[PDB]
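1. Experimental coordinates for this protein are included below, preceded by the sequence.
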Amino acid sequence: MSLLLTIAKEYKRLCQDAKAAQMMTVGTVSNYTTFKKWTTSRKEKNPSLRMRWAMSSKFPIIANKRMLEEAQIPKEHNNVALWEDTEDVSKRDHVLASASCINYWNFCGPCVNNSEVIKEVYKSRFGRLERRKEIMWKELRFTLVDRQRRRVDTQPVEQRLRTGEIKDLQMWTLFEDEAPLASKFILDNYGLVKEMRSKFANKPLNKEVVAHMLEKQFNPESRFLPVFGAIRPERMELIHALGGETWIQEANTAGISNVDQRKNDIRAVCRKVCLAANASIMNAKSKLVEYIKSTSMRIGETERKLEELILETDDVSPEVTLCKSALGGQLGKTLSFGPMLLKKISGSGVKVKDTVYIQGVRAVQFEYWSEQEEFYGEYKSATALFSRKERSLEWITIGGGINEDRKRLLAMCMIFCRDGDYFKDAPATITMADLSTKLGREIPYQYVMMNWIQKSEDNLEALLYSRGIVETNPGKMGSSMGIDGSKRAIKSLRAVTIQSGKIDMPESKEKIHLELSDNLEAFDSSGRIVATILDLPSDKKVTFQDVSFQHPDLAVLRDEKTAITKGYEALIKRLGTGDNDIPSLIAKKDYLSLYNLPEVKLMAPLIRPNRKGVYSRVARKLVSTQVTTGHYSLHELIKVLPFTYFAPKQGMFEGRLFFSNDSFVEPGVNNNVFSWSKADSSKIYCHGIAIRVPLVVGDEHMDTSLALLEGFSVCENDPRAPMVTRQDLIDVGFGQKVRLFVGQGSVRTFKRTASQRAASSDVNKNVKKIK
Amino acid sequence: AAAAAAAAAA
Amino acid sequence: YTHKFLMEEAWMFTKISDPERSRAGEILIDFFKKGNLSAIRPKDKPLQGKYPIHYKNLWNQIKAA
Amino acid sequence: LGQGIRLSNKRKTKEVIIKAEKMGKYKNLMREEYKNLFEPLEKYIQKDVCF
């Protein structure tokens, strides 16, 4: 009780000093960030040596007082003095004490049952240990060529996110009292908020610590590291024990976190979405963004939107680049061409147009590049370095591991090189590859012959032979490349040499973004053709625990099931704004208006007519018995409500299974039609998901009843509205302007509001109108 | 508890 | 417990069988998955597990397959 | 005699297969039970076979 009083009196003393008073008054609160930077700048010159000098003394250490007197005896066992009443050296409320007392309280101290609290705070570290438990071992030795520079996620963890948003999570989970109300992350990514805030908020221990450790928990460290060719981010945590220049170890890849495959699943998701945008070429800009913002991903423990995964994902695939290009995410330093990845290390030049002949006696324009340019090629199990000058490869070296992958590197990079022989081979190219069939769209030519090579096996041999072939001289024996990808060096290709080893990958920290052309082409950096149109033509539909919406062009939607699910979505979505909606009715305790709601009449005809009254009786019963506060489940009210509309008859027959066009919805008992999720706010109707954030008091949501309750917004500061703590905000009803302290000290006012709507579309439609 | 089959796809 | 399967504590999932659908008996689980089976997922922290992460990953590979 | 004996480390990595002929090469490398059973049979032993 005096803990606040003494703080108030301390403030009185401080503002009584004018020198501190004016510097406390003048300026924003941000000056604290500077003020803290003005202290304890002095550091000792010697890292260990000064510490040795420190521990030499018997009572060097600064330690707290109150806790020790509370728990344990200050005096010693062996009669070596421990405690005094004197505060010496720096003057702070801590009194000095000997080092060994720490060991004593670690021995005989009276503490119990801290075990479970520790681990899930440090689950980053504890997990990095758990993974080492399951692996097996083998030892050998070799002269090993490691891949020298890869920038690769190390210490990977599920639900990894950017630094700013993880700072938001930090603020929300640490303390509610001072926090800003942060829309973008909390609205979309809620349910990780529920978990983290739930486990860490109830037991107030080591607030700062837990914060700064959670910062590192979700932050994969991507550094520039040597790897020996196992690129899974789990092996990156401990490379040292595994591999090195002379090192080798075995039996690893098996154990991994669930992230590594989930990322690939997201790559397939972006594949299907980009195909959906490919189906209709009327406009590719307006549709794909809809397909993005609509889709909802289910991560193993959490539901998260596709937008915040795409924009903020680490790995840039040829597809992922396309999915990001629709949004405002800037990810550069990546070149994607077909399956191959590329990086540009040198030179520059302009795109020029040259019309060259095919074998069908027809002329088609080819856009080529004249530059002296040195780029690094990247393909599966193979790396290389190429340099092109004036539309023809100048210098080439291959660092690839496998012969076939070497040949693929050579080929693809010849396609991007576009020599004259590129025109000479045209075996039936025009009949199909010339005109891609999509609304009669002519597909670019580099990708045309790329696809011609991806077609069959002999097409690779064609252009492989299109390069000059010569018997290589002695001294090139090891560097020479056969037609089939080997080193025998009897016959070899011209202007190419293999290297024994791998080839290092360049890295640049850069962000570049520009809008995309209507054909799924990204002209970013005023050129550079990074989007590679369609990378791979996989026609397949397979998904697991994935959500789609809004005329997806994939038919998962039955007529009866869309009647049920949309009928529910009317009720769930349309309510929560104000009076004559579910929240005000629940606060009034009046459930009769809730029965008569016009959105229930929409759902009425879909119920089974036989038991309609028999269902309505038990339904009305359940809704009425939950009107008493604290006993009501807020999901069960949505589940049970639609059947209450009809006149209750005394059935005496059990109404557990409610047939709505021959499909049952049970109380509790999450099923195909109605999925009732535990300990988070959501729900699943077959292959799709919906939830309503602003007003949920459902009893299991206790941990965030302060975060979830917000549908509010800011209006004006004019009324004098009693200053209400965040826990007092649940009581003030609708249309009530109230005053609240926000964040780091800025105070604003709100009312019960219709939520912020059309953050994007509001601008997008007008921008489309102005053309 | 004498209750074996359970779950129905329905 | 040396039996290859669990007896007393084992749990059942009932499906009314079609002659032409169940005649395969491999597709039986494919028609099972259209039910509630697909949703069940274990947590990362098992009770009494020897090799949790391996088994969990394999389970996800079964569900994906 | 039979298939023979196998050598291993505590590492469970490297294993060395032995023929029935070469037992008398490794001699005491086998466990003391194998040695006690083996030594008297060296009288009647032949290269691959025991008489």
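-> Here it is on my side, so go on. Numbers count the residues shown, from 1 in each chain, chains lettered A, B, ... in the order given.

2. In which helix or strand does the residue nearest to residue A:721 when sequence neighbours are not counted reside?
-> Excluding its sequence neighbours, the residue lying closest to residue A:721 (C-beta to C-beta, 6 or more residues apart in numbering or on different chains) is residue A:739, at 4.0 Å. (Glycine included, C-beta is placed from N, CA and C.) Following DSSP states H and E, the helix or strand that holds residue A:739 is strand A:738-742.

3. Strand A:738-742 and the next helix or strand after that strand, what's the angle between them?
-> Counting by DSSP H and E, the next helix or strand C-terminal to strand A:738-742 is strand A:746-751. Interaxial angle of strand A:746-751 relative to strand A:738-742 (axes from the mean of the first three to the mean of the last three C-alpha atoms, to 10 degrees): 150 degrees.

4. Counting neighbours, which bits of strand A:746-751 end up buried?
-> A:749, A:750, A:751 (16 or more other C-beta atoms under 10 Å in any protein chain shown).

5. who does the first one bridge with?
-> Following DSSP bridges, residue A:749 is listed with bridge partners residue A:739.

6. can you count the residues close to the residue of chain A found nearest chain D?
-> As assessed by C-beta to the nearest C-beta, chain D sits closest to residue A:138 within chain A, at 5.0 Å. Using other C-beta atoms under 10 Å in any protein chain shown, the number of residues around residue A:138 comes to 12.

7. same deal with the one 3 residues further on?
-> The burial count assigned to residue A:141 is 8, neighbours taken as other C-beta under 10 Å.

8. so it makes contact with residue A:249?
-> No - applying C-beta atoms under 8 Å as the test, residue A:141 and residue A:249 come out as separate, 11.2 Å apart.

9. mind listing what the residue nearest to residue A:721 touches?
-> If you count contacts by C-beta atoms under 8 Å, 6 or more residues apart in numbering or on different chains, residue A:739 has them with A:717, A:719, A:720, A:721, A:722, A:723, A:724, A:747, A:748, A:749.

10. Turn those residues into TSV, columns for distance to residue C:64.
-> As requested, the contacts of residue A:739 are exported to TSV (distance: C-beta to C-beta, whole Å):
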residue	distance to residue C:64
A:717	55
A:719	57
A:720	60
A:721	54
A:722	55
A:723	54
A:724	50
A:747	51
A:748	48
A:749	51
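
11. Which one of these is nearest to residue A:626?
-> The nearest member of the contacts of residue A:739 to residue A:626, counting by C-beta to C-beta, is residue A:724 at 27.5 Å.

12. Against residue A:242, how distant is the nearest residue to that closest one once chain neighbours are set aside?
-> Spatial nearest neighbour of residue A:724, chain neighbours left out: residue A:738 (5.4 Å); criterion: C-beta to C-beta, 6+ apart. Distance of residue A:738 to residue A:242, computed by C-beta to C-beta, to the nearest Å: 59 Å.

13. List the contacts of the residue of chain B found nearest chain D.
-> The nearest approach of chain B to chain D comes at residue B:7, 43.6 Å away (C-beta to the nearest C-beta). Contact analysis of residue B:7 by C-beta under 8 Å, 6+ apart lists C:12, C:13, C:14, C:35, C:36, C:37.

14. Can you sort out which of those also neighbour chain D?
-> Near chain D, judged by C-beta under 8 Å from any C-beta of the partner chain, there are no entries from the contacts of residue B:7.

15. Could you tell me which of these are located in helices?
-> Of those, none are assigned to helices by DSSP state H.

16. What is the burial count for the residue in chain B that chain A sits nearest to?
-> Going by C-beta to the nearest C-beta, chain A is nearest to residue B:10 of chain B, at 6.4 Å. By other C-beta under 10 Å, 14 other residues sit near residue B:10.

17. What of residue A:428?
-> Residue A:428, neighbours per other C-beta under 10 Å, totals 11.

18. mind checking the SS state of it?
-> Of the three states, residue A:428 takes coil according to DSSP: H, G, I helix; E, B strand; the rest coil.

19. I'd say residue A:484 and residue A:402 touch.
-> No - contact criterion C-beta under 8 Å: residue A:484 and residue A:402 do not qualify, at 11.8 Å.

20. need the contact list for the closest residue to chain A within chain D.
-> When scored by C-beta to the nearest C-beta, chain D has residue D:13 as its residue closest to chain A, at 5.0 Å. Each residue near residue D:13 by C-beta under 8 Å, 6+ apart is listed here: A:137, A:138, A:139.

21. try it again with 10 Å
-> A:136, A:137, A:138, A:139, A:140, A:250 (C-beta atoms under 10 Å, 6 or more residues apart in numbering or on different chains).

22. now for these, which pair is the farthest apart?
-> A:136 and A:140 (14.1 Å).

23. Spatially central, which residue of chain D would that be?
-> residue D:23 (3.4 Å; C-alpha atoms, centre = their mean).

24. just checking, it touches residue D:1?
-> Yes - contact criterion C-beta atoms under 10 Å: residue D:23 and residue D:1 qualify, at 7.6 Å.

25. so what sits against both of the two?
-> Counting by C-beta under 10 Å, 6+ apart, the residues touching both residue D:23 and residue D:1 are D:41, D:45.

26. so the residue of chain A closest to chain D touches residue D:9, yeah?
-> No - using C-beta under 10 Å, residue A:138 is not in contact with residue D:9; the gap is 11.3 Å.
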